[PDB]
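J.: The following block contains the structure, expressed as structure tokens.
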Amino acid sequence: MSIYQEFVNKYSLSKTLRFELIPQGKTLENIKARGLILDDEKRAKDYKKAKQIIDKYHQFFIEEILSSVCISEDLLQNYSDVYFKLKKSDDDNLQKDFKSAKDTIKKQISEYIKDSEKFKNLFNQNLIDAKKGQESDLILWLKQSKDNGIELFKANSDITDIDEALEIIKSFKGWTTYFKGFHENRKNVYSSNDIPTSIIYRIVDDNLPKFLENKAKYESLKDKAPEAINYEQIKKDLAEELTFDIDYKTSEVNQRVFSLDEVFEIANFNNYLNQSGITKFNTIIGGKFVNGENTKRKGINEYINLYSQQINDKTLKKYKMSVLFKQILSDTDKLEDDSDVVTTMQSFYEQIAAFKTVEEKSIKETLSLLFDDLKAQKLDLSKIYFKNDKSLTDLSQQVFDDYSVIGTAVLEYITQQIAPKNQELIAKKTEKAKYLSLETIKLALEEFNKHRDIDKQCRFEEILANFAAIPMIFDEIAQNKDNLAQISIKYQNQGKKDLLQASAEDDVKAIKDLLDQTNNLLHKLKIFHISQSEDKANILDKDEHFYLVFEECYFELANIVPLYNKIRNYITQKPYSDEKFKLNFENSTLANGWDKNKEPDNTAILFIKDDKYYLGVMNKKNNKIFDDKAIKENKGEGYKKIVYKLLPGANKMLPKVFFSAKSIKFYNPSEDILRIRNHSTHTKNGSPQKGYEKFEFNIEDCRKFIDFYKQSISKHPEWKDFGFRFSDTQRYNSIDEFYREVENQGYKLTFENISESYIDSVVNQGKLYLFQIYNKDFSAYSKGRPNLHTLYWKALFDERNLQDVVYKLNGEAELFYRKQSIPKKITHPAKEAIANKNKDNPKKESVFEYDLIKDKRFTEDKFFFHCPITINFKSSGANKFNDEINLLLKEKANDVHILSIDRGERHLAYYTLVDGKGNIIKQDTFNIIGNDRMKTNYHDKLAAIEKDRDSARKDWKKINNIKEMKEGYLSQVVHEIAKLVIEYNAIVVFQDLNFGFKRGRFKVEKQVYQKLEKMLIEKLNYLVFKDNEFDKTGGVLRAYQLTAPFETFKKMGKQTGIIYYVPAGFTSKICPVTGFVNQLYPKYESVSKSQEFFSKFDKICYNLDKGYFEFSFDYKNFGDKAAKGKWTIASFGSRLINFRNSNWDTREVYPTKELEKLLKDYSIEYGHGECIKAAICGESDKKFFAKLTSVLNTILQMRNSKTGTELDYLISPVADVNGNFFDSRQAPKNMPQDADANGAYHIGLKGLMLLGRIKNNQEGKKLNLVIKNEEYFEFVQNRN
RNA sequence: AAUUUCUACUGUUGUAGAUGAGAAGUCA
DNA sequence: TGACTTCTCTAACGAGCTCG
DNA sequence: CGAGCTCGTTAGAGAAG
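Here the first sequence stands for residues 1 to 332, 340 to 429, 438 to 1157, 1162 to 1299, numbered as in PDB author numbering.
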């Protein structure tokens, strides 16, 4: 029987059921008449015009907290010393010191911000509404905008001036419940974490590493060039700009021209860093544009362009000075129309190309001159770095025709340079190091050429020539701008979406190409650019001339990845607008509690006429319909208005009502009890109120202070309806678990009848707006299975729920409304034969008596109802969930038949039920989805869309209509994974995407396979089966909670519940029977160096009766230690070889017939029947050894597509213990069948040894769930 | 080619499966 | 480029307000 | 300014590895 009987109703989560309202009776006629929904646009669309007001005031607060901060020089001298140690000498134990050196400067400001006076009333209610004596801070500044005559609008923003903004900001009087995600996603702007958009993460990582860099290029400038910077001219010329009102070390209030000898001081760090101080610093260092003289009076960086120009020294051009970047939330829009689909692009290629710079070098010539200055080795090669991730692999792709030739040369040269006989430092100098210099690259490429002939060289000059193939890409952009200027005169229309239709295919493919040769252009400069990453915080001895001109042409060119995603998210949408908004019935309280006592203001209540469900929203002004005297007066039959009783919090309510100004006399205790609440002695560790202090808990308190609550609850007027069943008060350890005694039992839901004729008349009177929630299950024309957001709603109100409560209703439901997006167009009229679209369905015809408008749910207005509920409310929460599982299946480990999912070359997954020994019980593909009614082949449905016999092969409309259908496949297949893990009650084991993941070209990408393990963790955390009994396990309330929730992809680790994780390195290229891995990689390193490598083979011999040659090897005679054992690989069957398609598509080559040819071509004899050891090693030729490697580039290839997309079977070199060779044309059911069946059976074998560790668990709860290749390659081979 | 929304649908005024919503700095 | 925060998941009371 | 009147305060567990 299923072992997961225990894993039922375990923890709590809150899904939100959504519905459509039906305006019934005369509900909609009163709404349109009084102007209700038309005056709802002005406070559900218009707050986006108020989110332009709040952030601008949130920008004025930046200007008046950073010009009001004064940080010490003690934490700048503790920064700048470590800031210059790591440049000249980077190490490990100073990174812990550098982080703590910058931790208490990003926290010392983070405690100054949270202790100001404009901050506590800015992320809460009181930002926008005024107190009776305290007028709020938004309305003061907009009046202060008039108090000084400032003209903040009609020059920068959308609103005319502040006078209409004075009207707009008073449209949110009691409406403070809007901004609660707009005021939660701006607590990251003042967050002390490492998130990359703040003002305290930025002034420690974007200007403080740039200002202290720019001080070393000023102390090393006055001694090396005294005459250069004319001090006496910049005092007179820019005297108005240099009026810095405050100094640091003297705290002057002297509005005077500062001295340039002291503005570059480390102590003077606080004279800037608002929006108007970085402007002042970048006025001197970049020049001041004043067009009153028709010339530029350019500052100190013009003096470097005069002093080093005359005497002609390019070492003072190393000492140029940089530009500080502009602060986050400066003064600087998602796309929906087509009037601005072109001028968000044609007004960018005017900005990225047609602009005159400061020093007069156009951006075509900047990458032209600098890469030509790098061409003949002029710049220093030990200061320009490569990004050491697999983006440098792409730099080896375009010119070296190999992926890992650079990453091996910086592993081969560093091997001989430091530890030439391999032991500790050898990894992090070239592998874990985030950057490698060109001097390290050049001394690794003119060393590998010394051990290689003329045919296969690897020249450093080709990398310099590859970068010279960059600066003429800007010339064909200047040719495409002559092509893409005839389209901007064709789209002058405002909102019509004729660039999204399928007729202009010849005008969208002129845009994807132009946004692809400016998106690999940024992916070839990506290997240069410095990263401000974490755990290394990358700082090295950088170049002084390269990385100042490169930042001119990267961070101005980097504004295309937030612009390429503004088009590919515009073309790949659907032709209707899902722009909905919430409607409120002239009330800031729509569904907040649903409670019976608090519903003249919660405004809403539900109904049931014994089959379907309704919503009744009372009109807020005349809401006197159900004030407890018209229910008994109108009792009868019909609707079944609920009384809903809720008690949120046994921390927040039970001291609020039992120690109030009213009910304190009704439950009168002695002063023995009153000393507890004052000093907070009942709490183990909490918070007393003002007046007293915290004391120590004793066991006498919370076995009698709870008894105060038992007499207080049992005499309450409206809190006797719950019927509490509290346990024995001696068995109460704390009040945190007496919370859980009050909170779950403080919830009842029973029914009271109302005569149907009254509340059919009050909707006719116009006081009860009545609505019906429905789906395709709550209509009368259905018989099949419901949805899951309708099988939950029918369990909020069932009687078997309310016995032992599971589905709790929550407050703050939210009513939404959606306008008319697309017009009504009947695409399938009545009595017309329509075409089938399934290649297995017999009934090819389709004639409908009723019409079908194309997706008509976006043609007519829909009132919505988004209703959060709570699942398993009575039970506990989620603490140490995955540790409970491993401590449970230890006595149930011999019931667990491990399921295992992979990616796919030909398939999409190959889920495989591996047994404990390893014999596959039931494997099947994941291309055929469904029960015997209809069957759908998503493999064939991909293969007709996936860039196959389609229009133009490159447009964005394909590559998401693959992906959304591929994502819609992920919505399908998670049910067919869930059915297996209950029928075969085991586990899921995916492939992790942290480290150790598969690399090749698959259908399922890296992107759309982490979502299939994201959409499985949120459909195995709460798992309901639509065809199971209600009160039985696996049903609706007694359902499957087997995993934990989803926090991040990083926090999945090796285990997040029943879904384990294993690596995905070397699982698809292994013989399943014996465990061979091709670790003896042939690459044709040299002619003579291969000769001792063929003697590292034990014997290259032949057998008479066997009839096949063999390359016997053992791994003890060569490095990169992976496994052991005498192999004697064979040359039995045929191996296909892939080729460059386009003709030269596919041809078959036999290994043995090639070995018969290529060995009889020279004088080597074989036919005696013994070893050919010395004969193969004795031969010396260029062509011979460059061709025998192509035999070993074929005898070890274990994937072979038979023709174009037919089938790829599996072959095995290494023998069994009998003599037979594994061949998947005759493989049994307990062995893999296809090529993707071998990439899934080893993901289970590497997952089955997780379960070997877990069944042998001990008292040490430090379960080594990590996999090393020495552990896996030993387990898979000798398991029998 | 119909849906609380999404994907494929004819599975027939809808069938099989998924659905956590308002939110939204945006790393790159 | 697809994920990075962590909450509100609420009833009752003391409050100045037409009214008494 | 008590009639109670629609508001904007306000009461303040112990999990979180």
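Built from N, CA and C at the ideal position, the CB exists for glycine as well.
How big is the Cα-Cα spacing for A426 and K224?
T.: Walking along the first sequence from the start, residue 426 turns up at place 419. Walking along the first sequence from the start, residue 224 turns up at place 224. Going from the Cα of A426 to the Cα of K224 covers about 41 Å.
J.: For the alpha helix (DSSP H) that contains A101, what are its first and last residues?
T.: Translated into positions along the first sequence, residue 101 becomes position 101. From DSSP, the alpha helix (DSSP H) with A101 extends over 95–106.
J.: Determine the closest residue to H560 out of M321, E549, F475, with distance taken between C-alpha atoms.
T.: If you number the first sequence from 1, residue 560 lands on position 545. Measuring from the Cα of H560, the nearest candidate turns out to be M321.
J.: What is the DSSP secondary structure of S80, counted as helix, strand or coil?
T.: Stepping through the first sequence from its first residue, residue 80 is reached at position 80. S80: helix per DSSP, three-state reduction.
J.: Sort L914, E367, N156 by Cα distance to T332 and report the nearest one.
T.: The sequence position of residue 332 within the first sequence is 332, counting from 1. Among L914, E367, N156, the Cα nearest to that of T332 belongs to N156.
J.: Give the C-beta separation of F123 and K187 to the nearest angstrom, bearing in mind that I take them to be a contact with Cβ-Cβ under 8 Å.
T.: Residue mapping note: residue 123 aligns to position 123 of the first sequence, counting from 1. Residue mapping note: residue 187 aligns to position 187 of the first sequence, counting from 1. Confirmed, Cβ separation roughly 6 Å.
J.: For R18, which residues of its own chain have a beta-carbon under 8 Å away from its beta-carbon, when the five flanking residues on both sides are left out?
T.: Numbered from 1 along the first sequence, position 18 holds the residue referred to as residue 18. Once the five neighbours on either side are set aside, the close Cβ partners of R18 are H804, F879, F880, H881, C882.
J.: Return the bridge partner residues of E1125 from the DSSP annotation.
T.: Sequence index remark: in the first sequence, residue 1125 carries index 1110 (1-based). Answer is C1116.
J.: Rounded C-beta distance between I575 and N534? I'm assuming under 8 Å.
T.: Counting from 1 along the first sequence, the entry for residue 575 is found at position 560. Counting from 1 along the first sequence, the entry for residue 534 is found at position 519. Contact holds; Cβ gap of about 7 Å.
J.: I'd like to confirm the pairing. Which residues does DSSP put opposite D1242 in its beta bridges?
T.: To locate residue 1242, count along the first sequence from 1; it is residue 1223. Paired residue(s): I1230.
J.: Please identify the residue among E652, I750, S966, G983 whose C-alpha is closest to the C-alpha of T696.
T.: Translated into the one-based positions of the first sequence, residue 696 becomes position 681. Looking at the Cα atoms, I750 is the closest of the given residues.
J.: What did DSSP end up calling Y807 once you bin it into helix, strand or coil?
T.: In the first sequence, the residue the question calls residue 807 occupies position 792. Coil, per DSSP.
J.: As a quick exercise: from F1005, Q938, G1015, pick the residue whose alpha carbon is nearest that of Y1024.
T.: Position 1009 of the first sequence, counted from the first residue, corresponds to residue 1024. The candidate whose alpha carbon is nearest that of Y1024 is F1005.
J.: Does DSSP put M633 in a helix, in a strand, or in coil?
T.: Counted from its first residue, the first sequence places residue 633 at position 618. Strand, per DSSP.
J.: Could you round the C-beta distance between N790 and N802 to whole angstroms and report it? I think they count as a contact, below 8 Å.
T.: Mapped onto the first sequence, residue 790 falls at position 775. Mapped onto the first sequence, residue 802 falls at position 787. With a Cβ gap of about 6 Å, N790 and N802 count as contacting.
J.: So for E1062, helix, strand or coil by DSSP?
T.: For this step, residue 1062 is matched to residue 1047 along the first sequence. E1062: coil per DSSP, three-state reduction.
J.: For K26, which residues in the same chain have their Cβ closer than 8 Å to its Cβ, ignoring the five residues on either side in sequence?
T.: Position 26 of the first sequence, counted from the start, is the residue given in the question as residue 26. Closer than 8 Å at the Cβ level, and outside the excluded window around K26, lie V778, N779, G781.
J.: Report yes if the CB atom of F482 is closer than 9 Å to the CB atom of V412, and no otherwise.
T.: Taking the first residue of the first sequence as position 1, residue 482 is located at position 467. Taking the first residue of the first sequence as position 1, residue 412 is located at position 405. Not closer than 9 Å, so no.
J.: At 3 residues or longer, what runs of the beta strand (DSSP E) sit wholly inside the stretch 712–798?
T.: You should have 762–766, 783–789.
J.: Could you check whether the stretch 449–458 touches the stretch 385–394, counting it as contact only if at least three pairs of C-beta atoms, one from each stretch, sit closer than 8 Å?
T.: Contact holds: three or more Cβ-Cβ distances are below 8 Å.
J.: Compute the Euclidean distance between the alpha carbons of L402 and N214, then round it to the nearest angstrom.
T.: Residue mapping note: residue 402 aligns to position 395 of the first sequence, counting from 1. Residue mapping note: residue 214 aligns to position 214 of the first sequence, counting from 1. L402 and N214: Cα-Cα distance of roughly 32 Å.
J.: Could you give the DSSP three-state label for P670: helix, strand or coil?
T.: Numbered from its first residue, the first sequence carries residue 670 at position 655. Of the three classes helix, strand and coil, the one that applies to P670 here is helix, per DSSP.
J.: Identify every run of the beta strand (DSSP E) within the stretch 591–649, keeping only runs that are complete inside it and at least 3 residues long; order them along the chain.
T.: Within the stretch 591–649, the complete beta strand (DSSP E) runs of at least 3 residues are 595–597, 619–623, 628–633.
J.: Three Cβ pairs or more, each shorter than 8 Å: is that satisfied between the stretch 901–909 and the stretch 843–851?
T.: Flag = no, the stretch 901–909 and the stretch 843–851 do not touch.
J.: Bridge partners for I71 per DSSP, in chain order?
T.: Taking the first residue of the first sequence as position 1, residue 71 is located at position 71. Answer by DSSP bridge pairing: none, since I71 is not bridged.
J.: Tell me the rounded alpha-carbon separation between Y1117 and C1196.
T.: For the purposes of this step, residue 1117 is identified with residue 1102 of the first sequence, where counting begins at 1. For the purposes of this step, residue 1196 is identified with residue 1177 of the first sequence, where counting begins at 1. If I take the Cα positions, the gap works out to 16 Å.
J.: Just mark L1057 as buried or exposed, buried being the case when its beta carbon has 16 or more other beta carbons within 10 Å.
T.: Here the question's residue 1057 lines up with position 1042 in the first sequence. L1057 comes out buried.
J.: Tell me, to the nearest whole angstrom, how far the beta carbon of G892 is from that of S12; I am working on the premise that it is less than 8 Å.
T.: Locating residue 892 in the first sequence gives position 877, counting from the first residue. Locating residue 12 in the first sequence gives position 12, counting from the first residue. Rounded, the Cβ-Cβ distance is 6 Å, consistent with contact.
J.: Can you list, in chain order, the residues of its chain with a C-beta nearer than 7 Å to that of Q1252? Leave out the 5 residues immediately preceding and following it.
T.: The sequence position of residue 1252 within the first sequence is 1233, counting from 1. Closer than 7 Å at the Cβ level, and outside the excluded window around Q1252, lie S1243, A1246.
J.: Whole-angstrom Cβ separation of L785 and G631, contact assumed at under 8 Å?
T.: Numbered from its first residue, the first sequence carries residue 785 at position 770. Numbered from its first residue, the first sequence carries residue 631 at position 616. Between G631 and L785 the Cβ distance is about 5 Å, and since that is below 8 Å, they are a contact.
J.: Measuring only the C-alpha atoms, how far is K1201 from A1194?
T.: Reading the first sequence from its first residue, position 1182 is the one you call residue 1201. Reading the first sequence from its first residue, position 1175 is the one you call residue 1194. Cα to Cα, the separation comes out at about 16 Å.
J.: Thinking C-beta only, is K962 closer than 9 Å to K973?
T.: Translated into positions along the first sequence, residue 973 becomes position 958. Translated into positions along the first sequence, residue 962 becomes position 947. Yes; because the gap between Cβ atoms is below 9 Å, this pair is in contact.
J.: Go to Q405, then tell me how far its alpha helix (DSSP H) extends in each direction, as first and last residue.
T.: To locate residue 405, count along the first sequence from 1; it is residue 398. From DSSP, the alpha helix (DSSP H) with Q405 extends over 399–407.
J.: Leaving aside the five residues before and after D876 along the sequence, list all residues of the same chain whose C-beta is less than 8 Å from its C-beta, in chain order.
T.: If you number the first sequence from 1, residue 876 lands on position 861. Same-chain partners within the cutoff: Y832, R833, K834, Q835.
J.: Select from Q59, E1125, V1003 the residue whose C-alpha is nearest the C-alpha of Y1076.
T.: Looking up residue 1076 in the first sequence gives position 1061. Among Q59, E1125, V1003, the Cα nearest to that of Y1076 is on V1003.
J.: Residues bridged to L867 by DSSP?
T.: In the first sequence, counting from the first residue as 1, residue 867 sits at position 852. Answer is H843.
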